[PDB]
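Here's the structure, in structure tokens; my notes come after.
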Amino acid sequence: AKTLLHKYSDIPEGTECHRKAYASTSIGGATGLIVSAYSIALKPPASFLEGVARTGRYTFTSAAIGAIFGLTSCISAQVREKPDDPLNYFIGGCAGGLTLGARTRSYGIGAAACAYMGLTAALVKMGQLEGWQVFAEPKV
Amino acid sequence: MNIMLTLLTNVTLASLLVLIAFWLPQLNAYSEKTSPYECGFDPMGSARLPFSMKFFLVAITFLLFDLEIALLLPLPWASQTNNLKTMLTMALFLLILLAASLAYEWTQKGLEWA
Amino acid sequence: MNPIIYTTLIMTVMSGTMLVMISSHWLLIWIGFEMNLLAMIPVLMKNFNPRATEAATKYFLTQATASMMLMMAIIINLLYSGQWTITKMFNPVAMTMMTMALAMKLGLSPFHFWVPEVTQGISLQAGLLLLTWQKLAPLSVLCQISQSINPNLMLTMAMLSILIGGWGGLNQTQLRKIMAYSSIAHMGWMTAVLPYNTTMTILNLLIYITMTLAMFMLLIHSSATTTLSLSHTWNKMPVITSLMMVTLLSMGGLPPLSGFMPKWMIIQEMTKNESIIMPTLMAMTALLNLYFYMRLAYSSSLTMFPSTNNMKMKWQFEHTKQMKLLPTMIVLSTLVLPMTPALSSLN
Amino acid sequence: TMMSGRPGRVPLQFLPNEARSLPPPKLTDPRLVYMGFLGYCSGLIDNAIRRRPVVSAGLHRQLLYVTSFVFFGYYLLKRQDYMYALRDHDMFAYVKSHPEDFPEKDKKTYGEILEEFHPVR
Amino acid sequence: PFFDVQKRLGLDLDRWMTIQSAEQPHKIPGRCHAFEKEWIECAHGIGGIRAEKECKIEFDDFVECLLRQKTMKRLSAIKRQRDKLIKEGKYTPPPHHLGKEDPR
Amino acid sequence: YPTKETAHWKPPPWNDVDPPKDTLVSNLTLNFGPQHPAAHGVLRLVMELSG
Amino acid sequence: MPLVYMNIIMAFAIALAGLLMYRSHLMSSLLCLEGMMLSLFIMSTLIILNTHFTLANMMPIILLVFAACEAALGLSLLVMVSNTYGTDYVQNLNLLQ
Amino acid sequence: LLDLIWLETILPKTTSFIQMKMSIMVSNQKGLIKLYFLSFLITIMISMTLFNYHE
Amino acid sequence: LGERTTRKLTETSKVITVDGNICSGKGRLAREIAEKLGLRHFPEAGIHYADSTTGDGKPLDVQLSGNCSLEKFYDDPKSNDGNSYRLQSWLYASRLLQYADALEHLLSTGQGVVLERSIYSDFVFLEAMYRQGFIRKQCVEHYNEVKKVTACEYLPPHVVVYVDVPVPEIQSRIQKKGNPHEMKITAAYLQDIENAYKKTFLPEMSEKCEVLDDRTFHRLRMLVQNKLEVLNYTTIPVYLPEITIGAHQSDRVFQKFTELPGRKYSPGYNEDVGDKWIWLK
Ligand SMILES: CCCCCCCCCCCCCCCCC[C@@H](O)O[C@H](CO[C@H](O)CCCCCCCCCCCCCCC)COP(=O)(O)OCC[N+](C)(C)C
């Protein structure tokens, strides 16, 4: 629900890293359940225990990514104490890929995931700073 | 109420007849006696697929007439409307199409029934 | 099936859409789609194949469930406002479902999976008609309910239709499935701008229909299907392959060509709304859409796949049964670019 | 939707009597002649697709095409100018309708205003 | 493209079925004819957009006319209140045998 | 870009995909008497009736 | 809105989820669809009975018609698919979802 | 390695590979109904809640 | 599509394709058949059979009209060039067209018309060539897929007479026959022909001929016209090395085909051959 992202949105700044990290963990878990849902839907696992194995995989992975992203971001905020510039998320962004790199046990995918996930996060922060509309209202 | 009461008494009556039908003769069921009837000799196989296009080819036409008569039903009440000339064409109209539909089937040899 | 009946079916399809474009009352719209369906299925069943049958099974099954959800959401709208006129809907839980039902009717992703398959199951005649005429009515109602659309929900399918309309397009050989992913991709561009400004939608619609008329008339003219089957045509009647190249590029929207006119008005409109990021992603992916038009161009005109010998006798025999409407459908779908401003005729 | 649903006016008529007053496009408006060549080339492809000895053959039908598209192109141009003239009219009427929201801002000159200078280095 | 040919030709073939009022056989009233009538009379040249602002109150009363939503939440609140008083209060004797049968 | 798992699958037929037609094998077979009143007490006219 | 309406709507939601869980021979789906149809019918008619919005007394029956009509069509397609197999959804010729 | 093997790896070969994966993934050849049809189901279940707007 | 004005013809008849199976006896079969039927006799419809109907009505060079040459079959059968097959399939396409040339005429004038050998008879030459090994097996697989894809839609066959001649006797007439290439032809091949021919061709086809709807006929009538359609699947891409041609040779040869007076343009328009210029106005 939007109320959940709204929950994560009230960081504030980066204070209480745990409070934030729990929320990011929540979002990562949500997306993990969705991806698991379509995956099961479109790739009939055969033998249902394997299916819950699959969903356990994705759910735990995405939840992990969200957790580590959130807490590295807030910690960087509470350490560099810059704390508002976009790069402050980027480390976590770069960190996130490595998490993804760990479960996949591959340097390659982890390496790429570092860079792109990093840039995406950086753009997100930059967007919060700039009020980018992504889905702008018809206005015109 | 009224009607629900008679429904209940009827169904309970029948169910009563069933129960006095089974739990009464009190004798010996056994295998082969309970085997399905097949005019003496045993069946060559359990009932499967008596397929026929000639079933649906007409039965569907049943369904699409029954939908039509469903529209015919309002007619007795519609007859008392204030403006029949506005109505009357339609009262005829559907019937024509009903007939027309049949007519179309009549001669595309789609009505082989049986 | 003799032409006298075939024409009555196709005309009652035309009527079954015109009815949607006329009536203001909702019930007549749902009747419009409903009559449209019954008259759409049989025309897919001409010639009749073991394959075609399950094609029609797919199409019917999805269109039926779509129409069902639609009628349900109408009834809920009535429950919470007691109206039948189109206008605004008055209950978001209903409105999202009317959006879903229409989302199936356009074949937008992730509801899209039926369209590439169904196209495979029918001849290019019934195919073309399915990819053009069927795209009118649901859009014909979306333009009427643009006023209250929940833009988030619309842009998400509008984008995802473009990504899926891309990635599923790089993969296939036989052309019909590719035409399916082309259309499934353009619908993303139509339904994208719809919340913001309907006139751009209708413009893009006209270009799309003209385009796919160009292609399907050409595929008919050469009776090509699988890509390789298309490959031989360069030697027999070189012109038409030498023209598939161009119409393909107009699908691709290389800017002198007409097919650029849609995107380049769309980018305008959305940009007035700010929303600057979305068109950038969209326009970038449209490239990915272009690429398989290009590869398909490589199989055909730009390069000569080896001919089979048996072709030679076929050289003596001119094609027949000319399709009158074609040349204009090429030309309008290409050269018309310095006639954008005329779009305002659509007000 | 704008323009559509505007008060007054009637639906399907292609072109209001309220137009007419606008000057007609002149006979050799370049856009229009471009409709000409558009039809021309279509008429030519009509030959090339069906083999034919291109250009010289069927000069007849070719003339039919060019007359066709120039003809429709004409009225389409009329509706074009009508529509744009229309939005210009509605716009100005609306700017008189709400003078407050379209302020007549005072125009300070360059001498009057400061602006930061950025040396090129 | 909401072609409105039925309007230009004046056929009205569809329009009649629309709306709670709009002439019905034997002039049978809609259950919520009044709020609807007011609300539509409010709605003309205002057209659609400003209409969802200014005519909101009328549409609201029309809503409660349709669903009786609020009067039900109230009436429910009363009937649920009465249980609390059920031991503290004996309610009304007549309901049981009052002049309501004499009343006609 | 086929996967090998997909590569095992055959290319589509150039027309009707006729082969599956071989598959339909529907039939029924059934017997009259002896009991059956029309069987005159002593006939076993087994027959492979259609619909 | 009174609880009864909520109950019928829920019967719709089940009449859909049943269509989409979608399993084995498809004849079940034409059933589930018709059930869906019936729920929409009833949910409409209760409303038209509610507000005495009399003209709309005509709709539910008309609704019913076309809806029944398409279902009447649907069986025919099943016939054809039944004609070559003895029906099951499990067998589909077409490729690429 | 600097310009024939990385500088080409970093953005032609990347995208060109990612589309290999995605394209074989989306167009999964199969087409069994129960699959994506059930997918229509869950996508409806998501579509309703995520955009429900109300709390 | 004009059938709506008349609802198709009610007339019926039959075309007759005698199936004489020999060398010199093949000619003998044709002579008996020509005298036998009022309808014009099949002339064999070989390499230039298309050229006969093309417009000039006249045979071209072998190089492009067929690029097979039968004499170059008999003189070196099992040529490394797959001519041993290239002729087979090319002839099959031509004979298919034969059907179309005449069966349409059956649906038109309603008169009977006499074919010479017809498509069902083309099963056998390949049936033997595969046995003598003149053609590789894939050539055959290509031949029966294209067979199944093309023949199946042609529905009615027959109204035609099978025949027989002794292998040795045909060998005798073959000796009498003037052409050197015919004389060279091997015996064991021809015996394998007659053996499989009698074993299967008549064995199946007679069951259909023994039986010898209007709307279907009209649909079939549409197929008879616009012959490329009947040819539409004969150019299926399967890319066997003997049939297939590299782009250079094809681009060149077709570049040569246009060089002919009657081929640049559709026949009614062409200026090179004296078609009226008045239409070009
Ligand atoms: C079997 C194969 C499938 C075939 C499928 C293709 C069918 C194509 C149908 C295309 C629809 C076009 C509409 C034309 C109908 C004429 C009626 C016309 O008079 O309508 C009037 C309005 O006039 C029309 O706008 C005239 C449109 C003329 C079409 C071309 C306009 C310019 C084209 C711009 C692109 C550049 C190309 C130009 C090159 C010539 C009244 O409508 P109005 O009540 O007012 O508003 C309706 C609401 N709208 C605007 C949202 C639709």
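Every chain in the structure tokens takes a letter, A first, then B, and so on in the order presented; its residues are numbered from 1, and the ligands are numbered from 1 following the presented order.
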
Surroundings of ligand 1 up to 7 Å, based on only C-alpha atoms and all ligand atoms, as a PDB file with N, CA and C atoms, in the first residue's frame:
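result-v6.pdb written:
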```pdb
ATOM      1  N   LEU C 128      -5.419  -8.811 -39.839  1.00  0.00           N
ATOM      2  CA  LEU C 128      -5.310  -7.368 -39.941  1.00  0.00           C
ATOM      3  C   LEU C 128      -6.540  -6.778 -39.327  1.00  0.00           C
ATOM      4  N   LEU C 129      -7.669  -7.397 -39.629  1.00  0.00           N
ATOM      5  CA  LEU C 129      -8.907  -6.830 -39.163  1.00  0.00           C
ATOM      6  C   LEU C 129      -8.959  -6.877 -37.660  1.00  0.00           C
ATOM      7  N   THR C 132      -6.773  -4.005 -36.229  1.00  0.00           N
ATOM      8  CA  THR C 132      -7.171  -2.625 -36.436  1.00  0.00           C
ATOM      9  C   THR C 132      -8.566  -2.365 -35.920  1.00  0.00           C
ATOM     10  N   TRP C 133      -9.552  -3.059 -36.466  1.00  0.00           N
ATOM     11  CA  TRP C 133     -10.926  -2.713 -36.153  1.00  0.00           C
ATOM     12  C   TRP C 133     -11.281  -2.986 -34.705  1.00  0.00           C
ATOM     13  N   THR C 199      -6.757  13.988 -28.007  1.00  0.00           N
ATOM     14  CA  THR C 199      -6.591  14.258 -29.425  1.00  0.00           C
ATOM     15  C   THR C 199      -5.279  13.698 -29.951  1.00  0.00           C
ATOM     16  N   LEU C 203      -4.893  10.888 -32.926  1.00  0.00           N
ATOM     17  CA  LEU C 203      -3.933  11.036 -34.005  1.00  0.00           C
ATOM     18  C   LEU C 203      -3.099   9.779 -34.159  1.00  0.00           C
ATOM     19  N   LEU C 206      -4.839   6.939 -35.730  1.00  0.00           N
ATOM     20  CA  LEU C 206      -4.964   6.960 -37.173  1.00  0.00           C
ATOM     21  C   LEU C 206      -3.677   6.524 -37.831  1.00  0.00           C
ATOM     22  N   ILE C 209      -3.304   2.650 -37.533  1.00  0.00           N
ATOM     23  CA  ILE C 209      -4.151   1.889 -38.422  1.00  0.00           C
ATOM     24  C   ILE C 209      -3.660   1.980 -39.842  1.00  0.00           C
ATOM     25  N   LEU C 332       0.155   7.554 -47.313  1.00  0.00           N
ATOM     26  CA  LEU C 332      -0.278   8.349 -46.179  1.00  0.00           C
ATOM     27  C   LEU C 332       0.532   8.017 -44.944  1.00  0.00           C
ATOM     28  N   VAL C 336       3.611  11.930 -44.972  1.00  0.00           N
ATOM     29  CA  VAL C 336       2.663  12.944 -44.550  1.00  0.00           C
ATOM     30  C   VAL C 336       3.235  13.886 -43.496  1.00  0.00           C
ATOM     31  N   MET C 339       2.593  17.510 -42.621  1.00  0.00           N
ATOM     32  CA  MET C 339       1.174  17.772 -42.493  1.00  0.00           C
ATOM     33  C   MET C 339       0.690  17.388 -41.113  1.00  0.00           C
ATOM     34  N   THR C 340       1.569  17.513 -40.129  1.00  0.00           N
ATOM     35  CA  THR C 340       1.138  17.408 -38.748  1.00  0.00           C
ATOM     36  C   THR C 340       0.076  18.444 -38.380  1.00  0.00           C
ATOM     37  N   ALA C 342      -2.307  19.811 -39.477  1.00  0.00           N
ATOM     38  CA  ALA C 342      -3.645  19.383 -39.828  1.00  0.00           C
ATOM     39  C   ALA C 342      -4.263  18.527 -38.736  1.00  0.00           C
ATOM     40  N   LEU C 343      -3.454  18.072 -37.786  1.00  0.00           N
ATOM     41  CA  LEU C 343      -3.951  17.251 -36.695  1.00  0.00           C
ATOM     42  C   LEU C 343      -4.976  18.006 -35.887  1.00  0.00           C
ATOM     43  N   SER C 345      -7.326  19.498 -36.890  1.00  0.00           N
ATOM     44  CA  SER C 345      -8.632  19.226 -37.448  1.00  0.00           C
ATOM     45  C   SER C 345      -9.396  18.307 -36.529  1.00  0.00           C
ATOM     46  N   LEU C 346      -8.657  17.511 -35.776  1.00  0.00           N
ATOM     47  CA  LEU C 346      -9.250  16.546 -34.876  1.00  0.00           C
ATOM     48  C   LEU C 346      -9.675  17.251 -33.605  1.00  0.00           C
ATOM     49  N   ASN C 347      -9.373  18.546 -33.548  1.00  0.00           N
ATOM     50  CA  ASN C 347      -9.579  19.419 -32.388  1.00  0.00           C
ATOM     51  C   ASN C 347      -9.128  18.799 -31.076  1.00  0.00           C
TER      52      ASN C 347
ATOM     53  N   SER D   4     -13.912  20.495 -28.151  1.00  0.00           N
ATOM     54  CA  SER D   4     -15.085  19.639 -28.131  1.00  0.00           C
ATOM     55  C   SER D   4     -15.883  19.924 -26.870  1.00  0.00           C
ATOM     56  N   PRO D  11     -22.721  18.767 -33.277  1.00  0.00           N
ATOM     57  CA  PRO D  11     -21.715  17.709 -33.346  1.00  0.00           C
ATOM     58  C   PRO D  11     -21.138  17.426 -34.721  1.00  0.00           C
ATOM     59  N   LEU D  12     -21.841  16.671 -35.546  1.00  0.00           N
ATOM     60  CA  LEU D  12     -21.170  16.043 -36.666  1.00  0.00           C
ATOM     61  C   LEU D  12     -20.894  16.924 -37.865  1.00  0.00           C
ATOM     62  N   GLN D  13     -21.416  18.145 -37.898  1.00  0.00           N
ATOM     63  CA  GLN D  13     -21.149  18.970 -39.066  1.00  0.00           C
ATOM     64  C   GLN D  13     -19.654  19.182 -39.163  1.00  0.00           C
ATOM     65  N   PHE D  14     -19.128  18.994 -40.360  1.00  0.00           N
ATOM     66  CA  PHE D  14     -17.699  19.063 -40.557  1.00  0.00           C
ATOM     67  C   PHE D  14     -17.174  20.461 -40.339  1.00  0.00           C
ATOM     68  N   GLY D  73      -7.844  17.716 -49.680  1.00  0.00           N
ATOM     69  CA  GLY D  73      -6.847  18.498 -48.988  1.00  0.00           C
ATOM     70  C   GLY D  73      -7.357  19.906 -48.825  1.00  0.00           C
ATOM     71  N   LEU D  76      -9.842  20.119 -45.950  1.00  0.00           N
ATOM     72  CA  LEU D  76      -9.146  19.828 -44.721  1.00  0.00           C
ATOM     73  C   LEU D  76      -8.361  21.048 -44.287  1.00  0.00           C
TER      74      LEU D  76
ATOM     75  N   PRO E   1     -14.194   8.507 -29.539  1.00  0.00           N
ATOM     76  CA  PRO E   1     -14.865   9.525 -30.343  1.00  0.00           C
ATOM     77  C   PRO E   1     -16.350   9.520 -30.095  1.00  0.00           C
ATOM     78  N   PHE E   2     -16.803  10.160 -29.033  1.00  0.00           N
ATOM     79  CA  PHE E   2     -18.220  10.140 -28.758  1.00  0.00           C
ATOM     80  C   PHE E   2     -18.928  10.916 -29.846  1.00  0.00           C
ATOM     81  N   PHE E   3     -19.148  10.244 -30.969  1.00  0.00           N
ATOM     82  CA  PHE E   3     -20.023  10.769 -31.994  1.00  0.00           C
ATOM     83  C   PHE E   3     -21.362  10.906 -31.322  1.00  0.00           C
ATOM     84  N   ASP E   4     -22.071  11.991 -31.575  1.00  0.00           N
ATOM     85  CA  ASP E   4     -23.360  12.125 -30.942  1.00  0.00           C
ATOM     86  C   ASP E   4     -24.381  12.340 -32.027  1.00  0.00           C
TER      87      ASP E   4
END
```

As JSON, numbers by chain, please: every residue in stretch 14-121 of chain D that DSSP puts in alpha helix (DSSP H). {"D": [30, 31, 32, 33, 34, 35, 36, 37, 38, 39, 40, 41, 42, 43, 44, 45, 46, 47, 48, 49, 59, 60, 61, 62, 63, 64, 65, 66, 67, 68, 69, 70, 71, 72, 73, 74, 75, 76, 77, 78, 79, 80, 81, 82, 83, 84, 85, 86, 87, 88, 89, 90, 91, 92, 93, 94, 95, 96, 97]}

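For stretch 62-73 of chain B, the list of residues within 8 Å, based on only C-alpha atoms and with local chain neighbours fewer than 6 positions off taken out, reads residues 98 of chain B; 61, 65, 68, 69 and 72 of chain G.
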
Any chance you could tabulate, as JSON lines, the residues of chain F at most 9 Å from chain B with each one's nearest atom pair and distance in Å to one decimal, using only C-alpha atoms, in chain and rising number order?
```
{"residue": "F:26", "atom": "CA", "partner": "B:49", "partner_atom": "CA", "distance": 7.3}
{"residue": "F:27", "atom": "CA", "partner": "B:49", "partner_atom": "CA", "distance": 7.7}
{"residue": "F:28", "atom": "CA", "partner": "B:50", "partner_atom": "CA", "distance": 7.1}
{"residue": "F:29", "atom": "CA", "partner": "B:44", "partner_atom": "CA", "distance": 7.5}
{"residue": "F:30", "atom": "CA", "partner": "B:44", "partner_atom": "CA", "distance": 7.3}
{"residue": "F:31", "atom": "CA", "partner": "B:39", "partner_atom": "CA", "distance": 7.8}
{"residue": "F:32", "atom": "CA", "partner": "B:39", "partner_atom": "CA", "distance": 6.9}
{"residue": "F:33", "atom": "CA", "partner": "B:39", "partner_atom": "CA", "distance": 5.7}
{"residue": "F:34", "atom": "CA", "partner": "B:39", "partner_atom": "CA", "distance": 6.7}
{"residue": "F:35", "atom": "CA", "partner": "B:39", "partner_atom": "CA", "distance": 5.5}
{"residue": "F:36", "atom": "CA", "partner": "B:39", "partner_atom": "CA", "distance": 6.3}
{"residue": "F:49", "atom": "CA", "partner": "B:50", "partner_atom": "CA", "distance": 8.7}
{"residue": "F:50", "atom": "CA", "partner": "B:50", "partner_atom": "CA", "distance": 6.6}
{"residue": "F:51", "atom": "CA", "partner": "B:50", "partner_atom": "CA", "distance": 4.6}
```

Restricting the output to C-alpha atoms, write the selected residues as a compact mmCIF listing (two decimals), in the first residue's frame.
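Output below, filename part00.txt:
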```
# COMPACT_ATOMS: atom_id res chain seq x y z
CA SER F 26 -14.01 -42.28 -30.72
CA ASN F 27 -16.35 -45.28 -30.97
CA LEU F 28 -19.07 -47.11 -29.06
CA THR F 29 -20.23 -50.72 -29.08
CA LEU F 30 -23.26 -52.23 -27.40
CA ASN F 31 -25.51 -55.28 -27.30
CA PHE F 32 -29.22 -55.99 -27.55
CA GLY F 33 -30.61 -59.15 -26.05
CA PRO F 34 -31.15 -61.96 -25.17
CA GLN F 35 -33.56 -60.40 -22.65
CA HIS F 36 -34.36 -57.41 -24.72
CA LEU F 49 -23.28 -47.62 -32.71
CA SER F 50 -22.24 -43.99 -33.14
CA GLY F 51 -24.08 -41.26 -31.34
```

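Excluding stretch 6-21 of chain H itself and same-chain residues fewer than 4 positions from it, the residues having an atom within 10 Å of it are residues 112 of chain A; 166, 167, 168, 170, 171 and 288 of chain C; 1 of chain F; 1, 2, 25 and 26 of chain H, counting only C-alpha atoms.
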
Up to 6 Å from chain E, what residues of chain C turn up? Count only C-alpha atoms and give them as a CSV table (one decimal) with N, CA, C and O atoms, in the first residue's frame.
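Result written to out.csv:
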```csv
chain,number,residue,atom,x,y,z
C,21,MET,N,-19.7,3.7,-30.7
C,21,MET,CA,-19.2,5.0,-30.9
C,21,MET,C,-20.4,6.0,-30.9
C,21,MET,O,-20.2,7.2,-30.9
C,22,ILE,N,-21.6,5.5,-30.9
C,22,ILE,CA,-22.8,6.4,-30.9
C,22,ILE,C,-23.4,6.5,-29.5
C,22,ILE,O,-23.5,7.6,-29.0
C,84,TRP,N,-26.5,6.2,-15.7
C,84,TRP,CA,-26.1,5.4,-16.8
C,84,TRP,C,-25.4,6.1,-17.8
C,84,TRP,O,-24.8,5.6,-18.7
C,140,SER,N,-12.6,3.8,-28.1
C,140,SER,CA,-13.7,4.7,-28.3
C,140,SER,C,-14.4,5.0,-27.0
C,140,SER,O,-15.1,6.0,-26.8
```

Output as a ChimeraX atom specification the set of chain H residues within 7 Å of chain A, with distances taken over only C-alpha atoms. /H:35-36,38-39,49-50

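Within the 12 Å cut-off around residue I:233, using only C-alpha atoms and omitting residues fewer than 6 positions from it on the same chain, the listed residues are residues 222, 223, 224, 225, 229, 308, 310, 311 and 314 of chain C; 13, 14 and 15 of chain F; 93, 96, 142, 143, 145, 146, 147, 148, 149, 150, 151, 152, 153 and 227 of chain I.
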
Residues of chain B were defined as contacting chain E if any atom lay at most 12 Å from it, counting only C-alpha atoms; please report them as a ChimeraX atom specification. /B:78,80-83

Interface rows for chain G against chain B: nearest pair, Å to one decimal, 12 Å, only C-alpha atoms, as JSON lines:
```
{"residue": "G:57", "atom": "CA", "partner": "B:74", "partner_atom": "CA", "distance": 11.2}
{"residue": "G:58", "atom": "CA", "partner": "B:74", "partner_atom": "CA", "distance": 9.6}
{"residue": "G:59", "atom": "CA", "partner": "B:71", "partner_atom": "CA", "distance": 11.5}
{"residue": "G:60", "atom": "CA", "partner": "B:71", "partner_atom": "CA", "distance": 11.5}
{"residue": "G:61", "atom": "CA", "partner": "B:71", "partner_atom": "CA", "distance": 7.9}
{"residue": "G:62", "atom": "CA", "partner": "B:71", "partner_atom": "CA", "distance": 8.2}
{"residue": "G:63", "atom": "CA", "partner": "B:67", "partner_atom": "CA", "distance": 11.2}
{"residue": "G:64", "atom": "CA", "partner": "B:67", "partner_atom": "CA", "distance": 8.7}
{"residue": "G:65", "atom": "CA", "partner": "B:67", "partner_atom": "CA", "distance": 6.1}
{"residue": "G:66", "atom": "CA", "partner": "B:67", "partner_atom": "CA", "distance": 8.9}
{"residue": "G:67", "atom": "CA", "partner": "B:67", "partner_atom": "CA", "distance": 10.4}
{"residue": "G:68", "atom": "CA", "partner": "B:67", "partner_atom": "CA", "distance": 7.9}
{"residue": "G:69", "atom": "CA", "partner": "B:64", "partner_atom": "CA", "distance": 7.1}
{"residue": "G:70", "atom": "CA", "partner": "B:64", "partner_atom": "CA", "distance": 10.3}
{"residue": "G:71", "atom": "CA", "partner": "B:63", "partner_atom": "CA", "distance": 10.1}
{"residue": "G:72", "atom": "CA", "partner": "B:60", "partner_atom": "CA", "distance": 6.6}
{"residue": "G:73", "atom": "CA", "partner": "B:60", "partner_atom": "CA", "distance": 8.2}
{"residue": "G:74", "atom": "CA", "partner": "B:60", "partner_atom": "CA", "distance": 10.3}
{"residue": "G:75", "atom": "CA", "partner": "B:60", "partner_atom": "CA", "distance": 8.5}
{"residue": "G:76", "atom": "CA", "partner": "B:56", "partner_atom": "CA", "distance": 7.7}
{"residue": "G:77", "atom": "CA", "partner": "B:56", "partner_atom": "CA", "distance": 11.1}
{"residue": "G:78", "atom": "CA", "partner": "B:56", "partner_atom": "CA", "distance": 10.9}
{"residue": "G:79", "atom": "CA", "partner": "B:53", "partner_atom": "CA", "distance": 8.0}
{"residue": "G:80", "atom": "CA", "partner": "B:53", "partner_atom": "CA", "distance": 9.5}
{"residue": "G:82", "atom": "CA", "partner": "B:51", "partner_atom": "CA", "distance": 9.5}
{"residue": "G:83", "atom": "CA", "partner": "B:51", "partner_atom": "CA", "distance": 8.7}
{"residue": "G:84", "atom": "CA", "partner": "B:51", "partner_atom": "CA", "distance": 11.7}
{"residue": "G:85", "atom": "CA", "partner": "B:49", "partner_atom": "CA", "distance": 11.6}
{"residue": "G:86", "atom": "CA", "partner": "B:49", "partner_atom": "CA", "distance": 8.6}
{"residue": "G:87", "atom": "CA", "partner": "B:49", "partner_atom": "CA", "distance": 11.4}
```

Could you give me, as a CSV table (one decimal) with C-alpha atoms, in the first residue's frame, the residues within 9 Å of stretch 71-74 of chain I, counting only C-alpha atoms and dropping anything in the same chain fewer than 3 positions from it?
```csv
chain,number,residue,atom,x,y,z
I,68,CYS,CA,17.1,-29.1,-65.6
I,77,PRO,CA,22.0,-39.8,-63.9
I,78,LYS,CA,23.6,-39.5,-60.5
I,79,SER,CA,25.2,-36.3,-61.6
I,83,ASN,CA,19.7,-32.5,-61.4
I,84,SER,CA,18.4,-36.0,-60.8
I,87,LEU,CA,14.1,-32.2,-62.6
I,181,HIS,CA,18.8,-41.0,-74.3
I,182,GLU,CA,15.7,-43.0,-74.0
I,184,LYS,CA,20.2,-45.6,-72.6
I,185,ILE,CA,17.7,-45.7,-69.7
```

Give me, as a list in words, all polymer residues having an atom no more than 12 Å from residue E:44, counting only C-alpha atoms and skipping those fewer than 4 positions away in the same chain. residues 5 and 7 of chain D; 38, 39, 40, 48, 49, 50, 51, 52, 54 and 55 of chain E

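Those residues of chain H that fall within 9 Å of chain F when using only C-alpha atoms read residues 20, 23, 24, 28, 29 and 30 of chain H.
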
Could you tell me which residues of chain C sit within 12 Å of chain B when counting only C-alpha atoms, and give me the result as a VMD selection string? chain C and resid 1 to 2 5

Restricting the output to N, CA, C and O atoms, write the selected residues as a PDB file, in the first residue's frame.
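The result, stored in result07.pdb:
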```pdb
ATOM      1  N   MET C   1     -17.907 -20.560 -46.216  1.00  0.00           N
ATOM      2  CA  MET C   1     -19.023 -19.658 -45.979  1.00  0.00           C
ATOM      3  C   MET C   1     -19.142 -18.606 -47.077  1.00  0.00           C
ATOM      4  O   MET C   1     -18.228 -17.830 -47.330  1.00  0.00           O
ATOM      5  N   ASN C   2     -20.290 -18.614 -47.740  1.00  0.00           N
ATOM      6  CA  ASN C   2     -20.514 -17.796 -48.913  1.00  0.00           C
ATOM      7  C   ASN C   2     -20.450 -16.325 -48.588  1.00  0.00           C
ATOM      8  O   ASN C   2     -20.790 -15.921 -47.493  1.00  0.00           O
ATOM      9  N   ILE C   5     -23.003 -14.139 -46.589  1.00  0.00           N
ATOM     10  CA  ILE C   5     -23.135 -14.231 -45.150  1.00  0.00           C
ATOM     11  C   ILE C   5     -21.937 -13.586 -44.483  1.00  0.00           C
ATOM     12  O   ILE C   5     -22.058 -12.945 -43.438  1.00  0.00           O
TER      13      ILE C   5
END
```
